[PDB]
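Chains here go by letter, A, B, C, D, E, F, G, H, I and J, matching the order in which they are written, and residues are numbered from 1 within each.
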Amino acid sequence: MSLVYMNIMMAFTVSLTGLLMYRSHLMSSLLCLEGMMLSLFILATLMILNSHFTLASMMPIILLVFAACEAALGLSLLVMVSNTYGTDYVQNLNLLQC
Amino acid sequence: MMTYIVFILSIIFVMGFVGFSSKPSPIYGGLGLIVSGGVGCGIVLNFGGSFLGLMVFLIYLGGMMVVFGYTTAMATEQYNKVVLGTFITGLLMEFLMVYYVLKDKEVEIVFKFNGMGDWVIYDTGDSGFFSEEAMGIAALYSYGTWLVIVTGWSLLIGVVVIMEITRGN
Amino acid sequence: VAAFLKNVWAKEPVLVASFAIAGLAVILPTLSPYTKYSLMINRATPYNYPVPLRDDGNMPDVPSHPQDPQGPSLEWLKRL
Amino acid sequence: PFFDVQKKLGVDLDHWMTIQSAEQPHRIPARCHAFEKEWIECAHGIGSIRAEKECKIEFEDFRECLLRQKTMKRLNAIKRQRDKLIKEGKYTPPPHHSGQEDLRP
Amino acid sequence: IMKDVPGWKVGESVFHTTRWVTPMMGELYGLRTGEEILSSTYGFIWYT
Amino acid sequence: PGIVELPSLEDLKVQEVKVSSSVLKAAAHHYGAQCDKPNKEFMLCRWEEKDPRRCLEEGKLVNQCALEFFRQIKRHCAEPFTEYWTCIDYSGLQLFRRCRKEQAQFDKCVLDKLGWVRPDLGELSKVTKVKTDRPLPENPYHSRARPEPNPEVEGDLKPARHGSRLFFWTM
Amino acid sequence: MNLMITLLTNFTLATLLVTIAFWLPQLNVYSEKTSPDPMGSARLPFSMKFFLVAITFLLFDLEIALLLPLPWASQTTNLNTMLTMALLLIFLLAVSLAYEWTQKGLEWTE
Amino acid sequence: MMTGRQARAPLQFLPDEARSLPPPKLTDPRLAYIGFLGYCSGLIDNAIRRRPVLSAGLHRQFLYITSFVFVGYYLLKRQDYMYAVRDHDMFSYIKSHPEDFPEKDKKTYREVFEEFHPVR
Amino acid sequence: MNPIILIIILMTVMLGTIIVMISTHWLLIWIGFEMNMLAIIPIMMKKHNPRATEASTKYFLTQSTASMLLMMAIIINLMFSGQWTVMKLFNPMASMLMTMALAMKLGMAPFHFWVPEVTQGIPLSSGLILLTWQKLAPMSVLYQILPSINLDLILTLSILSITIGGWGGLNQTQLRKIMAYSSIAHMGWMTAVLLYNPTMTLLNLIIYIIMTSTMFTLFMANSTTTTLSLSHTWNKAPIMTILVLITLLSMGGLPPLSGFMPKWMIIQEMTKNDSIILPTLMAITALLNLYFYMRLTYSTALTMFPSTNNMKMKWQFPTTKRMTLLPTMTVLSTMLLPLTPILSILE
Amino acid sequence: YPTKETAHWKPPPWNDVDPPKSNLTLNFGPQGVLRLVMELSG
């Protein structure tokens, strides 16, 4: 297929493996998650603008809004984590091993 | 060179994601995702999606990454080998992809991809006195009734959920 | 309904103006006689091409020329 | 569970955005409207198991309209043979493929 | 051009159906110069 | 698959209407009133055949009927027309509303010397009818035969034989 | 193309001015300054209220993103449905604001 | 499996052609078993709240029996309907495809040779 | 929590699952999952302790990752099909990504790694919602995409879920982790019979929801979250020991009980398709689940562990808890096997 | 079945509520004239 789809999919997989291999922070995880959402926005947008399918032009906006609301939820979760340990470190979230 | 410009922007786009997928710090991660959003917006603008690209600016960057940098600046009190190694790893993977698809005009990582510039796939007609993208977004209120109901209900519930889980009571 | 309205207009006039403007915005298109003309102007704006019909032999109300009398007229839009 | 509430109650919640051949605003056709209309009218009612083998021609036409992979492969072959014949000096472009012919209308 | 290549059908449709297909941008402006390419493929988008 | 059949370059040669877009837009309403019939023949042919190669000769008639529109302007009213499309040509959006006295002079001169009446608001967007002699396309999509549907359900509904037949359940 | 040239020109002028501001007074050979705040060295206390006004911004900005196609949506032929859904979106934004009010969300930054 | 059969008329618990079928009697052993489940639900409801198990809430036990018989009657009707639809589709398909269901030559055991295996 | 807000949030959870069930467009499927997660987050953080916030964080990360893989599968479906119908998938890459996304939403192994954590961190009612209601929407999408599900993928996920959910609960003394590993094993049982007969998938889902709702309702009635706290039940409420006895003997698949019904029918639809090794290995692996069910019945019903003195006070207060549908669910989760041919109502 | 790895695990609390494990002090000094020491709670 088209050559720009290669780069947008590979960007999605780069941000996937960033979101699938944490270092320390939960904020860097949410950044990788929203990079995944951004790459989905770009890819759905390039398809819908390519094929001239008119009614799906409202589709990525929806894909923005919900997922941006999703990001808000995650940020609040992070803040509750940072209201317990003082950092947003993912290694402090191990109380449920037992 | 200029006929490949979206491709070139897309390369910067992939580079921008390695700017934060290696996760140097969440503030440098935020900066990398801002530059990535700008170039991906430019990619959206070059297929004719002006309104969608300005949603990437107004809502993704100027709306949401503002809140990411805001929340991050309220943490990570102000003052790597793995970061730079993973960064050059992803960069060399992407430039090997560039070199392969520019020397072969064909590549297959998971799907087959053409090596010519993406100007070839476009349409050769006009849309008259409307942008088809603008009218498909204007269709959200006439044809998109159920979508507006469920989206507005999810945003109202989102406000309620954010107020519940941050109260602590 | 009378003392309460004067009380909320004395304490919180911004909110009273808010709910009054929103209430007029809700109810007044259902009562306006010009709401129909918005519909009739938006459907009379020709974004596309009026793709003509094959004259099979019995279409008495479809014109053969734009300046023919039969067909949709917009004298209401010129006059109002 | 596919509780088909829309067909039961007669409401149209999400069928309009489902296909490209549906009713679009201002009658805008998609770039593969005819191919998708032919694939849908082929594969209608006969089930997916029959439709994967009895509508393969319409679906290959529609997929190759969408992605243009055979078209771009053919353009790759034409352009690469043209570049080889330019490099070997066996071919020259015409004046109308150089920009010196004052285009038609 | 495509005289040397074995087994090539000139003007062969990549589509199975004989219906007219709207020409792609690369089908029309493929063999032309990059100036006409850019003017046809990003002219309106880049215009001011 | 098959070879696509394109017309030769002799089939595409026609006397091109080489006027600018402001000349077209200034002369637009009288072109839509006076060159109605072969234009609508052509556009009916163009939406029914769905193939421009089947619509060439009618298009030539369009390119024949447009030029006779402009020569008949050039024989009688070249000066008010030139003054009108120059003022249309000045504007960036090519507004009609900036150019009403030149339109008035052009419409007065055309209505006197050629008897043409400008279409009223709402007329050129009417859906008209075209009497043609070409046949209706019985397969404009070049569609093949559709697959035959699955057989329906019919007849009366008898009960299940000996119940459910699930291993030992007698009902 | 004109826009990309304009953006590049503005970025180049801004970078030139920033470079002149960060490097022209460096050539002053004034003096080395020995031993170059209300809180001394305490950590930054997290304010829940700043995060609350930021997330309230984000959610109402999403509702704004839904409202942004309205000058194009007034041009439709299905105006009763369009008007109902537009008033319903602005009403749900107002219900979000009223719920943010009455559950003490707009407090000490009211 | 039969999801294309009940897709032309979706979300019908009992369609119209279900009325062509005989309904279960009120003395159905399956319906009596579901009434017994209602009685067991009533006894367990009195046992978990420390009530006299047979004595307390005869109105409540009777509503348990009534509600389970009421739900189970329609469940049994739909059950018999779906097995009748299964058999109807089977028989229509065997009638429409005779080449996939040939009539077998039933041979008597005077021609049928089975290998004998002595147990010793 | 405000009870009005609780009612609106539970209706929004139910609304998101219904929007997944009733929609024909993929964007509305994704919207239903987003609405469902966004509304179930406060149900997990109801008691406001760091275990609930950690559990909600882990749940958010896994379900967000699954939703992103779901939308990527949908976008690749629009690439290779040009349309949005919730039906079969027109690319094996999109089929693989959607099967992965739904496996992450269900907690099927090796994406099971969030289910015993989150169920431990949240209350018993929210864990009941997570293990019963939150299995409905991904199994509905797996019901509707099964002409494109790869066989070896779904069977690998199924046997790996059955084996890992079997060996999980043998080491567990916490009841919510026991129900979580039971969830992983039973979801493997549901997806194993998926491509062969999805009616038996629906039967297994309904019987599992009934039995899990019975066990969580008994856990909420007795206010026990550990095995050793559940062992105090005979001195307080002796009928509840009989109820957890018959329900845990049902959940192990022991005849003549109703929980024997699904797995038997699963075998009944897998030996038709000439798979004999796979339902045999699955049935033998279910003995692990039955072993820790027997461990719980030994601790609760069949022996009498020593209680304490303060239990004598609780003899003087009857249960004021609304044990909703507990006799109905207890009867349905045990005495339903003579009504086995009722499964044709799910066809 | 406690192994060597799962030996440092204690059982969770009975109500499943964990223990949670300072207000800002500002010096608005001389930089008429006045020094202020602020104890602020936000």
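We take it that a residue touches a chain if its C-beta (ideal position, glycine included) is under 8 Å from a C-beta of that chain, and two chains touch if they have at least 3 such contacts.
Trainee: Looking at D-E and A-I, which one has the bigger number of contacting C-beta pairs?
Mentor: A-I
Trainee: Could you grab the centroid distance between subunit C and subunit E? Build each centroid from C-alpha atoms only and quote it in angstrom.
Mentor: That gives a centre separation of 46 Å.
Trainee: Where the centres are mean C-alpha positions, what is the separation of subunit A from subunit C, in Å?
Mentor: So the centre of subunit A lies 43 Å away from the centre of subunit C.
Trainee: How far is the middle of subunit F from the middle of subunit I, if each middle is the mean of its Cα atoms, in Å?
Mentor: Computed value for the inter-centroid distance: 60 Å.
Trainee: Using mean CA coordinates as chain centres, what's the gap between subunit E and subunit I in Å?
Mentor: Those two chain centres are 55 Å apart.
Trainee: Could you list which residues of subunit H touch at least two other chains?
Mentor: As it turns out, subunit H has residues touching two or more other chains at 3, 30, 79, 83, 86.
Trainee: Got the subunit A residues that touch at least 2 other chains?
Mentor: 1-2, 5, 19, 48, 50-56, 58-59, 61-62, 64-66, 68-69, 71-73, 75-80, 82-84, 95, 97, in rising order.
Trainee: Find every residue in subunit C that makes contact with two or more other chains and list them.
Mentor: Residues 47-48 of subunit C touch two or more partner chains.
Trainee: On the basis of the stated criterion, which chains touch which? Give every pair.
Mentor: Those chain pairs satisfying the definition are A-B, A-D, A-G, A-I, A-J, B-C, B-D, B-E, B-G, B-I, C-D, C-F, C-G, D-E, D-F, D-H, D-I, E-F, E-G, F-H, F-I, G-J, H-I, I-J.
Trainee: Give every residue of subunit B touching subunit D within the complex, in rising order.
Mentor: Counting only subunit B, the residues touching subunit D are 105-106, 112, 114-116, 120-121, 123, 127, 130, 132, 135-136, 138-139, 142-144, 146-147.
Trainee: Any idea which subunit H residues touch subunit I in the complex?
Mentor: Touching subunit I: residues 1-3, 6, 30, 33-34, 37, 40-42, 44-45, 47-50, 64, 75-76, 78-79, 82-83, 86 of subunit H.
Trainee: If you look only at subunit A, which of its residues touch subunit I in the complex?
Mentor: 1, 5, 12, 16, 19-20, 26, 29, 33, 36-37, 40, 43-44, 47-48, 51, 53, 56, 59, 62-63, 66-67, 69-70, 73-74, 77-78, 80-81, 84, 93, 95-97
Trainee: Taking the touch rule as given, give the residues of subunit D at its contact with subunit H in the complex, in rising order.
Mentor: Those in contact with subunit H are residues 2-5, 7-8, 47.
Trainee: Where on subunit E is subunit B touching in the complex?
Mentor: 22-26, 28, 30, 34, 37-38, 40-42, 45
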